[PDB]
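> Structure file work33.cif (mmCIF, N, CA and C atoms; chains and numbers go by the auth columns) right here:
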data_coords
loop_
_atom_site.group_PDB
_atom_site.id
_atom_site.type_symbol
_atom_site.label_atom_id
_atom_site.label_comp_id
_atom_site.label_asym_id
_atom_site.label_seq_id
_atom_site.Cartn_x
_atom_site.Cartn_y
_atom_site.Cartn_z
_atom_site.B_iso_or_equiv
_atom_site.auth_seq_id
_atom_site.auth_asym_id
ATOM 1 N N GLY A 1 -0.474 2.237 31.483 0.00 1 A
ATOM 2 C CA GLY A 1 -1.358 2.553 30.357 0.00 1 A
ATOM 3 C C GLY A 1 -0.631 3.369 29.305 0.00 1 A
ATOM 4 N N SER A 2 -1.348 3.713 28.233 0.00 2 A
ATOM 5 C CA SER A 2 -0.811 4.428 27.082 0.00 2 A
ATOM 6 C C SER A 2 0.459 3.751 26.537 0.00 2 A
ATOM 7 N N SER A 3 1.397 4.553 26.024 0.00 3 A
ATOM 8 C CA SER A 3 2.584 4.269 25.224 0.00 3 A
ATOM 9 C C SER A 3 2.274 4.581 23.758 0.00 3 A
ATOM 10 N N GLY A 4 3.312 4.989 23.031 0.00 4 A
ATOM 11 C CA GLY A 4 3.251 5.541 21.690 0.00 4 A
ATOM 12 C C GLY A 4 3.888 6.930 21.684 0.00 4 A
ATOM 13 N N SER A 5 4.275 7.415 20.508 0.00 5 A
ATOM 14 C CA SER A 5 4.612 8.803 20.221 0.00 5 A
ATOM 15 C C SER A 5 4.643 8.915 18.700 0.00 5 A
ATOM 16 N N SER A 6 3.511 9.219 18.066 0.00 6 A
ATOM 17 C CA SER A 6 3.455 9.448 16.625 0.00 6 A
ATOM 18 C C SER A 6 2.792 10.791 16.316 0.00 6 A
ATOM 19 N N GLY A 7 2.999 11.300 15.103 0.00 7 A
ATOM 20 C CA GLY A 7 2.287 12.445 14.556 0.00 7 A
ATOM 21 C C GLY A 7 3.239 13.494 13.993 0.00 7 A
ATOM 22 N N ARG A 8 2.713 14.318 13.079 0.00 8 A
ATOM 23 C CA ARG A 8 3.405 15.366 12.328 0.00 8 A
ATOM 24 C C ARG A 8 4.727 14.860 11.747 0.00 8 A
ATOM 25 N N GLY A 9 4.597 14.051 10.693 0.00 9 A
ATOM 26 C CA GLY A 9 5.664 13.238 10.138 0.00 9 A
ATOM 27 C C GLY A 9 6.324 12.482 11.278 0.00 9 A
ATOM 28 N N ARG A 10 7.599 12.794 11.529 0.00 10 A
ATOM 29 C CA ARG A 10 8.444 12.262 12.592 0.00 10 A
ATOM 30 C C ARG A 10 8.593 10.756 12.463 0.00 10 A
ATOM 31 N N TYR A 11 9.722 10.348 11.888 0.00 11 A
ATOM 32 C CA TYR A 11 9.940 9.041 11.280 0.00 11 A
ATOM 33 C C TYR A 11 9.003 8.898 10.069 0.00 11 A
ATOM 34 N N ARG A 12 9.359 8.055 9.098 0.00 12 A
ATOM 35 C CA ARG A 12 8.683 8.005 7.796 0.00 12 A
ATOM 36 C C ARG A 12 8.725 6.573 7.282 0.00 12 A
ATOM 37 N N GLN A 13 7.932 5.684 7.871 0.00 13 A
ATOM 38 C CA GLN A 13 7.836 4.284 7.483 0.00 13 A
ATOM 39 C C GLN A 13 6.521 3.703 8.002 0.00 13 A
ATOM 40 N N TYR A 14 6.009 2.670 7.336 0.00 14 A
ATOM 41 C CA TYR A 14 4.755 2.011 7.681 0.00 14 A
ATOM 42 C C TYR A 14 5.034 0.529 7.911 0.00 14 A
ATOM 43 N N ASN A 15 4.324 -0.068 8.863 0.00 15 A
ATOM 44 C CA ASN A 15 4.362 -1.509 9.094 0.00 15 A
ATOM 45 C C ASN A 15 3.518 -2.175 8.010 0.00 15 A
ATOM 46 N N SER A 16 3.782 -3.434 7.676 0.00 16 A
ATOM 47 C CA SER A 16 2.999 -4.204 6.707 0.00 16 A
ATOM 48 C C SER A 16 1.517 -4.322 7.104 0.00 16 A
ATOM 49 N N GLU A 17 1.235 -4.093 8.387 0.00 17 A
ATOM 50 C CA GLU A 17 -0.068 -3.986 9.020 0.00 17 A
ATOM 51 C C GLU A 17 -0.735 -2.667 8.614 0.00 17 A
ATOM 52 N N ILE A 18 -0.052 -1.533 8.815 0.00 18 A
ATOM 53 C CA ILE A 18 -0.512 -0.178 8.485 0.00 18 A
ATOM 54 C C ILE A 18 -0.893 -0.091 7.009 0.00 18 A
ATOM 55 N N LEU A 19 -0.137 -0.780 6.160 0.00 19 A
ATOM 56 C CA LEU A 19 -0.396 -0.792 4.737 0.00 19 A
ATOM 57 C C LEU A 19 -1.791 -1.342 4.435 0.00 19 A
ATOM 58 N N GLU A 20 -2.215 -2.402 5.125 0.00 20 A
ATOM 59 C CA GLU A 20 -3.506 -3.034 4.877 0.00 20 A
ATOM 60 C C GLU A 20 -4.648 -2.083 5.216 0.00 20 A
ATOM 61 N N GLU A 21 -4.492 -1.327 6.301 0.00 21 A
ATOM 62 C CA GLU A 21 -5.399 -0.294 6.756 0.00 21 A
ATOM 63 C C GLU A 21 -5.645 0.695 5.630 0.00 21 A
ATOM 64 N N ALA A 22 -4.568 1.340 5.177 0.00 22 A
ATOM 65 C CA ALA A 22 -4.584 2.387 4.166 0.00 22 A
ATOM 66 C C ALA A 22 -5.079 1.877 2.817 0.00 22 A
ATOM 67 N N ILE A 23 -5.099 0.562 2.629 0.00 23 A
ATOM 68 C CA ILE A 23 -5.687 -0.057 1.451 0.00 23 A
ATOM 69 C C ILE A 23 -7.188 -0.197 1.687 0.00 23 A
ATOM 70 N N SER A 24 -7.595 -0.816 2.793 0.00 24 A
ATOM 71 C CA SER A 24 -8.985 -1.032 3.152 0.00 24 A
ATOM 72 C C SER A 24 -9.809 0.258 3.143 0.00 24 A
ATOM 73 N N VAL A 25 -9.318 1.374 3.699 0.00 25 A
ATOM 74 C CA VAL A 25 -9.990 2.671 3.584 0.00 25 A
ATOM 75 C C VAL A 25 -10.291 2.990 2.114 0.00 25 A
ATOM 76 N N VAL A 26 -9.272 3.033 1.265 0.00 26 A
ATOM 77 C CA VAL A 26 -9.349 3.336 -0.160 0.00 26 A
ATOM 78 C C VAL A 26 -10.336 2.401 -0.863 0.00 26 A
ATOM 79 N N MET A 27 -10.239 1.089 -0.646 0.00 27 A
ATOM 80 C CA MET A 27 -11.118 0.098 -1.258 0.00 27 A
ATOM 81 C C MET A 27 -12.572 0.376 -0.886 0.00 27 A
ATOM 82 N N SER A 28 -12.864 0.497 0.411 0.00 28 A
ATOM 83 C CA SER A 28 -14.165 0.850 0.950 0.00 28 A
ATOM 84 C C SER A 28 -14.650 2.241 0.517 0.00 28 A
ATOM 85 N N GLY A 29 -13.824 3.040 -0.157 0.00 29 A
ATOM 86 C CA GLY A 29 -14.202 4.355 -0.628 0.00 29 A
ATOM 87 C C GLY A 29 -14.082 5.415 0.457 0.00 29 A
ATOM 88 N N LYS A 30 -13.327 5.173 1.533 0.00 30 A
ATOM 89 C CA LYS A 30 -13.148 6.178 2.580 0.00 30 A
ATOM 90 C C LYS A 30 -12.318 7.336 2.050 0.00 30 A
ATOM 91 N N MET A 31 -11.397 7.050 1.138 0.00 31 A
ATOM 92 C CA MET A 31 -10.622 8.039 0.420 0.00 31 A
ATOM 93 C C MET A 31 -10.110 7.417 -0.880 0.00 31 A
ATOM 94 N N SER A 32 -9.134 8.052 -1.521 0.00 32 A
ATOM 95 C CA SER A 32 -8.429 7.547 -2.689 0.00 32 A
ATOM 96 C C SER A 32 -6.958 7.348 -2.328 0.00 32 A
ATOM 97 N N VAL A 33 -6.178 6.800 -3.264 0.00 33 A
ATOM 98 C CA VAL A 33 -4.762 6.504 -3.096 0.00 33 A
ATOM 99 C C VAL A 33 -4.043 7.752 -2.588 0.00 33 A
ATOM 100 N N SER A 34 -4.148 8.872 -3.303 0.00 34 A
ATOM 101 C CA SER A 34 -3.424 10.095 -2.966 0.00 34 A
ATOM 102 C C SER A 34 -3.711 10.559 -1.533 0.00 34 A
ATOM 103 N N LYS A 35 -4.986 10.520 -1.142 0.00 35 A
ATOM 104 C CA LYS A 35 -5.425 10.917 0.181 0.00 35 A
ATOM 105 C C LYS A 35 -4.792 10.002 1.242 0.00 35 A
ATOM 106 N N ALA A 36 -5.172 8.718 1.323 0.00 36 A
ATOM 107 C CA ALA A 36 -4.647 7.772 2.307 0.00 36 A
ATOM 108 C C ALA A 36 -3.135 7.662 2.331 0.00 36 A
ATOM 109 N N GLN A 37 -2.446 7.760 1.192 0.00 37 A
ATOM 110 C CA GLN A 37 -0.994 7.790 1.144 0.00 37 A
ATOM 111 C C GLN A 37 -0.489 8.737 2.230 0.00 37 A
ATOM 112 N N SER A 38 -0.965 9.981 2.210 0.00 38 A
ATOM 113 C CA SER A 38 -0.481 10.995 3.115 0.00 38 A
ATOM 114 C C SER A 38 -0.955 10.709 4.552 0.00 38 A
ATOM 115 N N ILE A 39 -2.203 10.246 4.726 0.00 39 A
ATOM 116 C CA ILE A 39 -2.791 10.008 6.049 0.00 39 A
ATOM 117 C C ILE A 39 -1.991 8.933 6.799 0.00 39 A
ATOM 118 N N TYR A 40 -1.679 7.835 6.114 0.00 40 A
ATOM 119 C CA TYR A 40 -1.086 6.641 6.698 0.00 40 A
ATOM 120 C C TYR A 40 0.448 6.668 6.612 0.00 40 A
ATOM 121 N N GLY A 41 1.018 7.510 5.743 0.00 41 A
ATOM 122 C CA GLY A 41 2.458 7.683 5.559 0.00 41 A
ATOM 123 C C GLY A 41 3.037 6.647 4.592 0.00 41 A
ATOM 124 N N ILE A 42 2.212 6.140 3.677 0.00 42 A
ATOM 125 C CA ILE A 42 2.576 5.125 2.698 0.00 42 A
ATOM 126 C C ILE A 42 3.072 5.883 1.455 0.00 42 A
ATOM 127 N N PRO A 43 4.096 5.406 0.725 0.00 43 A
ATOM 128 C CA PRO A 43 4.410 5.947 -0.589 0.00 43 A
ATOM 129 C C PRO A 43 3.238 5.738 -1.543 0.00 43 A
ATOM 130 N N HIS A 44 2.964 6.722 -2.398 0.00 44 A
ATOM 131 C CA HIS A 44 1.894 6.622 -3.381 0.00 44 A
ATOM 132 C C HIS A 44 2.135 5.433 -4.310 0.00 44 A
ATOM 133 N N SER A 45 3.336 5.290 -4.880 0.00 45 A
ATOM 134 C CA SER A 45 3.635 4.224 -5.839 0.00 45 A
ATOM 135 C C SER A 45 3.431 2.835 -5.222 0.00 45 A
ATOM 136 N N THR A 46 3.711 2.680 -3.922 0.00 46 A
ATOM 137 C CA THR A 46 3.375 1.473 -3.189 0.00 46 A
ATOM 138 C C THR A 46 1.858 1.355 -3.080 0.00 46 A
ATOM 139 N N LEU A 47 1.183 2.298 -2.418 0.00 47 A
ATOM 140 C CA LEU A 47 -0.240 2.200 -2.115 0.00 47 A
ATOM 141 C C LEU A 47 -1.045 1.891 -3.372 0.00 47 A
ATOM 142 N N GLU A 48 -0.782 2.615 -4.456 0.00 48 A
ATOM 143 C CA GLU A 48 -1.396 2.476 -5.757 0.00 48 A
ATOM 144 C C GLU A 48 -1.333 1.010 -6.203 0.00 48 A
ATOM 145 N N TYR A 49 -0.121 0.490 -6.424 0.00 49 A
ATOM 146 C CA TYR A 49 0.139 -0.910 -6.748 0.00 49 A
ATOM 147 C C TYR A 49 -0.609 -1.838 -5.795 0.00 49 A
ATOM 148 N N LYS A 50 -0.479 -1.627 -4.485 0.00 50 A
ATOM 149 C CA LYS A 50 -0.968 -2.531 -3.470 0.00 50 A
ATOM 150 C C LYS A 50 -2.490 -2.612 -3.485 0.00 50 A
ATOM 151 N N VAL A 51 -3.202 -1.506 -3.682 0.00 51 A
ATOM 152 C CA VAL A 51 -4.642 -1.508 -3.919 0.00 51 A
ATOM 153 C C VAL A 51 -4.936 -2.362 -5.165 0.00 51 A
ATOM 154 N N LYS A 52 -4.247 -2.079 -6.274 0.00 52 A
ATOM 155 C CA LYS A 52 -4.433 -2.673 -7.611 0.00 52 A
ATOM 156 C C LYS A 52 -3.995 -4.131 -7.687 0.00 52 A
ATOM 157 N N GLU A 53 -3.340 -4.602 -6.642 0.00 53 A
ATOM 158 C CA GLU A 53 -2.937 -5.965 -6.385 0.00 53 A
ATOM 159 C C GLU A 53 -4.008 -6.642 -5.504 0.00 53 A
ATOM 160 N N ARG A 54 -4.246 -6.107 -4.297 0.00 54 A
ATOM 161 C CA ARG A 54 -5.185 -6.648 -3.303 0.00 54 A
ATOM 162 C C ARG A 54 -6.620 -6.719 -3.828 0.00 54 A
ATOM 163 N N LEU A 55 -6.947 -5.938 -4.860 0.00 55 A
ATOM 164 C CA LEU A 55 -8.197 -6.016 -5.611 0.00 55 A
ATOM 165 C C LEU A 55 -8.499 -7.440 -6.116 0.00 55 A
ATOM 166 N N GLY A 56 -7.502 -8.328 -6.205 0.00 56 A
ATOM 167 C CA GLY A 56 -7.705 -9.765 -6.379 0.00 56 A
ATOM 168 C C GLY A 56 -7.064 -10.335 -7.640 0.00 56 A
ATOM 169 N N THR A 57 -6.052 -9.670 -8.187 0.00 57 A
ATOM 170 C CA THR A 57 -5.209 -10.217 -9.248 0.00 57 A
ATOM 171 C C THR A 57 -4.318 -11.352 -8.723 0.00 57 A
ATOM 172 N N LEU A 58 -4.124 -11.391 -7.402 0.00 58 A
ATOM 173 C CA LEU A 58 -3.226 -12.275 -6.676 0.00 58 A
ATOM 174 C C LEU A 58 -3.595 -13.750 -6.830 0.00 58 A
ATOM 175 N N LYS A 59 -4.863 -14.076 -7.084 0.00 59 A
ATOM 176 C CA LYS A 59 -5.325 -15.436 -7.344 0.00 59 A
ATOM 177 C C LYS A 59 -5.292 -15.668 -8.849 0.00 59 A
ATOM 178 N N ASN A 60 -4.891 -16.869 -9.270 0.00 60 A
ATOM 179 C CA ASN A 60 -4.557 -17.199 -10.655 0.00 60 A
ATOM 180 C C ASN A 60 -3.736 -16.079 -11.326 0.00 60 A
ATOM 181 N N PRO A 61 -2.566 -15.702 -10.772 0.00 61 A
ATOM 182 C CA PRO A 61 -1.759 -14.613 -11.312 0.00 61 A
ATOM 183 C C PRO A 61 -1.137 -14.997 -12.671 0.00 61 A
ATOM 184 N N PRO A 62 -0.683 -14.012 -13.467 0.00 62 A
ATOM 185 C CA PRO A 62 -0.057 -14.243 -14.761 0.00 62 A
ATOM 186 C C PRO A 62 1.391 -14.704 -14.582 0.00 62 A
ATOM 187 N N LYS A 63 1.636 -16.008 -14.711 0.00 63 A
ATOM 188 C CA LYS A 63 2.973 -16.577 -14.733 0.00 63 A
ATOM 189 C C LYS A 63 2.954 -17.726 -15.722 0.00 63 A
ATOM 190 N N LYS A 64 3.442 -17.449 -16.929 0.00 64 A
ATOM 191 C CA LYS A 64 3.514 -18.421 -18.014 0.00 64 A
ATOM 192 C C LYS A 64 4.765 -18.145 -18.837 0.00 64 A
ATOM 193 N N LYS A 65 4.958 -16.895 -19.273 0.00 65 A
ATOM 194 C CA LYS A 65 6.184 -16.437 -19.913 0.00 65 A
ATOM 195 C C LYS A 65 6.452 -14.992 -19.495 0.00 65 A
ATOM 196 N N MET A 66 7.722 -14.611 -19.344 0.00 66 A
ATOM 197 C CA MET A 66 8.241 -13.240 -19.320 0.00 66 A
ATOM 198 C C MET A 66 9.689 -13.280 -19.832 0.00 66 A
ATOM 199 N N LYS A 67 10.270 -12.124 -20.174 0.00 67 A
ATOM 200 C CA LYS A 67 11.711 -11.904 -20.301 0.00 67 A
ATOM 201 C C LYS A 67 11.967 -10.399 -20.188 0.00 67 A
ATOM 202 N N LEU A 68 12.099 -9.854 -18.980 0.00 68 A
ATOM 203 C CA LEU A 68 12.317 -8.425 -18.750 0.00 68 A
ATOM 204 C C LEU A 68 13.083 -8.201 -17.445 0.00 68 A
ATOM 205 N N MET A 69 13.534 -6.966 -17.228 0.00 69 A
ATOM 206 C CA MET A 69 14.010 -6.432 -15.957 0.00 69 A
ATOM 207 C C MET A 69 13.371 -5.042 -15.783 0.00 69 A
ATOM 208 N N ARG A 70 13.974 -4.136 -15.010 0.00 70 A
ATOM 209 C CA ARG A 70 13.447 -2.813 -14.697 0.00 70 A
ATOM 210 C C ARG A 70 14.491 -1.792 -15.048 0.00 70 A
#
Write out the structure in this file as structure tokens.


Amino acid sequence: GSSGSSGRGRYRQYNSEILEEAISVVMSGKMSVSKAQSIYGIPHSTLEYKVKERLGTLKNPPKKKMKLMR
């Protein structure tokens, strides 16, 4: 039985699974980006974008013209 060892930082990365969790809480209004970021261990700049993406821009996305980099 059991297995695991997490808590109080200790390693600093999230699975693509964990990310969906920390989005669903925020979407459902359980918290906001800043709050869940810290709870789930997600970067704010990721979580922010990912909420603002999963909100449903992903269907019929904007791809017609661009010319940029970062």

> What does the PyMOL selection byres (((chain A and resi 32-40 and name CA) around 10) and name CA) select in this file, as a list in words?

residues 9, 12, 13, 14, 18, 19, 21, 22, 23, 24, 25, 26, 27, 28, 29, 30, 31, 41, 42, 43, 44, 45, 46, 47, 48, 49, 50 and 51 of chain A

> Could you tell me how far atom N of residue A:58 lies from atom CA of residue A:20, in Å and to one decimal?

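Result for atom N of residue A:58 versus atom CA of residue A:20: 14.9 Å, one decimal.
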
> Between atom CA of residue A:65 and atom N of residue A:52, what is the spacing in Å?

22.4 Å

> Box in all listed atoms of stretch 11-30 of chain A, axis-aligned, with 8 Å more on each side; write out centre and edge lengths in Å to one decimal as JSON.


{"center_x": -2.4, "center_y": 3.0, "center_z": 5.3, "size_x": 40.6, "size_y": 30.7, "size_z": 29.1}

> Kindly give the distance, in Å, that separates atom N of residue A:70 and atom N of residue A:55, rounded to a single decimal.

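Calculated distance between atom N of residue A:70 and atom N of residue A:55 is 23.3 Å.
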
> According to DSSP computed on the backbone, where in chain A is there alpha helix (DSSP H)? Give the residues as a PyMOL selection string.

chain A and resi 16-27+33-40+44-54

> Emit the selected residues as a PDB file, in the frame of the given file, including N, CA and C atoms.


ATOM      1  N   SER A  16       3.782  -3.434   7.676  1.00  0.00           N
ATOM      2  CA  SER A  16       2.999  -4.204   6.707  1.00  0.00           C
ATOM      3  C   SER A  16       1.517  -4.322   7.104  1.00  0.00           C
ATOM      4  N   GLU A  17       1.235  -4.093   8.387  1.00  0.00           N
ATOM      5  CA  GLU A  17      -0.068  -3.986   9.020  1.00  0.00           C
ATOM      6  C   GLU A  17      -0.735  -2.667   8.614  1.00  0.00           C
ATOM      7  N   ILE A  18      -0.052  -1.533   8.815  1.00  0.00           N
ATOM      8  CA  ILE A  18      -0.512  -0.178   8.485  1.00  0.00           C
ATOM      9  C   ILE A  18      -0.893  -0.091   7.009  1.00  0.00           C
ATOM     10  N   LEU A  19      -0.137  -0.780   6.160  1.00  0.00           N
ATOM     11  CA  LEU A  19      -0.396  -0.792   4.737  1.00  0.00           C
ATOM     12  C   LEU A  19      -1.791  -1.342   4.435  1.00  0.00           C
ATOM     13  N   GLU A  20      -2.215  -2.402   5.125  1.00  0.00           N
ATOM     14  CA  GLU A  20      -3.506  -3.034   4.877  1.00  0.00           C
ATOM     15  C   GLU A  20      -4.648  -2.083   5.216  1.00  0.00           C
ATOM     16  N   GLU A  21      -4.492  -1.327   6.301  1.00  0.00           N
ATOM     17  CA  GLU A  21      -5.399  -0.294   6.756  1.00  0.00           C
ATOM     18  C   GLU A  21      -5.645   0.695   5.630  1.00  0.00           C
ATOM     19  N   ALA A  22      -4.568   1.340   5.177  1.00  0.00           N
ATOM     20  CA  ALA A  22      -4.584   2.387   4.166  1.00  0.00           C
ATOM     21  C   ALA A  22      -5.079   1.877   2.817  1.00  0.00           C
ATOM     22  N   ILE A  23      -5.099   0.562   2.629  1.00  0.00           N
ATOM     23  CA  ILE A  23      -5.687  -0.057   1.451  1.00  0.00           C
ATOM     24  C   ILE A  23      -7.188  -0.197   1.687  1.00  0.00           C
ATOM     25  N   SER A  24      -7.595  -0.816   2.793  1.00  0.00           N
ATOM     26  CA  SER A  24      -8.985  -1.032   3.152  1.00  0.00           C
ATOM     27  C   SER A  24      -9.809   0.258   3.143  1.00  0.00           C
ATOM     28  N   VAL A  25      -9.318   1.374   3.699  1.00  0.00           N
ATOM     29  CA  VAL A  25      -9.990   2.671   3.584  1.00  0.00           C
ATOM     30  C   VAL A  25     -10.291   2.990   2.114  1.00  0.00           C
ATOM     31  N   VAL A  26      -9.272   3.033   1.265  1.00  0.00           N
ATOM     32  CA  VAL A  26      -9.349   3.336  -0.160  1.00  0.00           C
ATOM     33  C   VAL A  26     -10.336   2.401  -0.863  1.00  0.00           C
ATOM     34  N   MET A  27     -10.239   1.089  -0.646  1.00  0.00           N
ATOM     35  CA  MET A  27     -11.118   0.098  -1.258  1.00  0.00           C
ATOM     36  C   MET A  27     -12.572   0.376  -0.886  1.00  0.00           C
ATOM     37  N   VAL A  33      -6.178   6.800  -3.264  1.00  0.00           N
ATOM     38  CA  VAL A  33      -4.762   6.504  -3.096  1.00  0.00           C
ATOM     39  C   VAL A  33      -4.043   7.752  -2.588  1.00  0.00           C
ATOM     40  N   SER A  34      -4.148   8.872  -3.303  1.00  0.00           N
ATOM     41  CA  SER A  34      -3.424  10.095  -2.966  1.00  0.00           C
ATOM     42  C   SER A  34      -3.711  10.559  -1.533  1.00  0.00           C
ATOM     43  N   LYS A  35      -4.986  10.520  -1.142  1.00  0.00           N
ATOM     44  CA  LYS A  35      -5.425  10.917   0.181  1.00  0.00           C
ATOM     45  C   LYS A  35      -4.792  10.002   1.242  1.00  0.00           C
ATOM     46  N   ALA A  36      -5.172   8.718   1.323  1.00  0.00           N
ATOM     47  CA  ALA A  36      -4.647   7.772   2.307  1.00  0.00           C
ATOM     48  C   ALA A  36      -3.135   7.662   2.331  1.00  0.00           C
ATOM     49  N   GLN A  37      -2.446   7.760   1.192  1.00  0.00           N
ATOM     50  CA  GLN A  37      -0.994   7.790   1.144  1.00  0.00           C
ATOM     51  C   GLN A  37      -0.489   8.737   2.230  1.00  0.00           C
ATOM     52  N   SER A  38      -0.965   9.981   2.210  1.00  0.00           N
ATOM     53  CA  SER A  38      -0.481  10.995   3.115  1.00  0.00           C
ATOM     54  C   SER A  38      -0.955  10.709   4.552  1.00  0.00           C
ATOM     55  N   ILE A  39      -2.203  10.246   4.726  1.00  0.00           N
ATOM     56  CA  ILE A  39      -2.791  10.008   6.049  1.00  0.00           C
ATOM     57  C   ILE A  39      -1.991   8.933   6.799  1.00  0.00           C
ATOM     58  N   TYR A  40      -1.679   7.835   6.114  1.00  0.00           N
ATOM     59  CA  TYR A  40      -1.086   6.641   6.698  1.00  0.00           C
ATOM     60  C   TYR A  40       0.448   6.668   6.612  1.00  0.00           C
ATOM     61  N   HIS A  44       2.964   6.722  -2.398  1.00  0.00           N
ATOM     62  CA  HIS A  44       1.894   6.622  -3.381  1.00  0.00           C
ATOM     63  C   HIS A  44       2.135   5.433  -4.310  1.00  0.00           C
ATOM     64  N   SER A  45       3.336   5.290  -4.880  1.00  0.00           N
ATOM     65  CA  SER A  45       3.635   4.224  -5.839  1.00  0.00           C
ATOM     66  C   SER A  45       3.431   2.835  -5.222  1.00  0.00           C
ATOM     67  N   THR A  46       3.711   2.680  -3.922  1.00  0.00           N
ATOM     68  CA  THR A  46       3.375   1.473  -3.189  1.00  0.00           C
ATOM     69  C   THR A  46       1.858   1.355  -3.080  1.00  0.00           C
ATOM     70  N   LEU A  47       1.183   2.298  -2.418  1.00  0.00           N
ATOM     71  CA  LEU A  47      -0.240   2.200  -2.115  1.00  0.00           C
ATOM     72  C   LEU A  47      -1.045   1.891  -3.372  1.00  0.00           C
ATOM     73  N   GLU A  48      -0.782   2.615  -4.456  1.00  0.00           N
ATOM     74  CA  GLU A  48      -1.396   2.476  -5.757  1.00  0.00           C
ATOM     75  C   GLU A  48      -1.333   1.010  -6.203  1.00  0.00           C
ATOM     76  N   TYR A  49      -0.121   0.490  -6.424  1.00  0.00           N
ATOM     77  CA  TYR A  49       0.139  -0.910  -6.748  1.00  0.00           C
ATOM     78  C   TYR A  49      -0.609  -1.838  -5.795  1.00  0.00           C
ATOM     79  N   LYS A  50      -0.479  -1.627  -4.485  1.00  0.00           N
ATOM     80  CA  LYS A  50      -0.968  -2.531  -3.470  1.00  0.00           C
ATOM     81  C   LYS A  50      -2.490  -2.612  -3.485  1.00  0.00           C
ATOM     82  N   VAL A  51      -3.202  -1.506  -3.682  1.00  0.00           N
ATOM     83  CA  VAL A  51      -4.642  -1.508  -3.919  1.00  0.00           C
ATOM     84  C   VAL A  51      -4.936  -2.362  -5.165  1.00  0.00           C
ATOM     85  N   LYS A  52      -4.247  -2.079  -6.274  1.00  0.00           N
ATOM     86  CA  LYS A  52      -4.433  -2.673  -7.611  1.00  0.00           C
ATOM     87  C   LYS A  52      -3.995  -4.131  -7.687  1.00  0.00           C
ATOM     88  N   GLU A  53      -3.340  -4.602  -6.642  1.00  0.00           N
ATOM     89  CA  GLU A  53      -2.937  -5.965  -6.385  1.00  0.00           C
ATOM     90  C   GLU A  53      -4.008  -6.642  -5.504  1.00  0.00           C
ATOM     91  N   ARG A  54      -4.246  -6.107  -4.297  1.00  0.00           N
ATOM     92  CA  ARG A  54      -5.185  -6.648  -3.303  1.00  0.00           C
ATOM     93  C   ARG A  54      -6.620  -6.719  -3.828  1.00  0.00           C
TER      94      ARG A  54
END
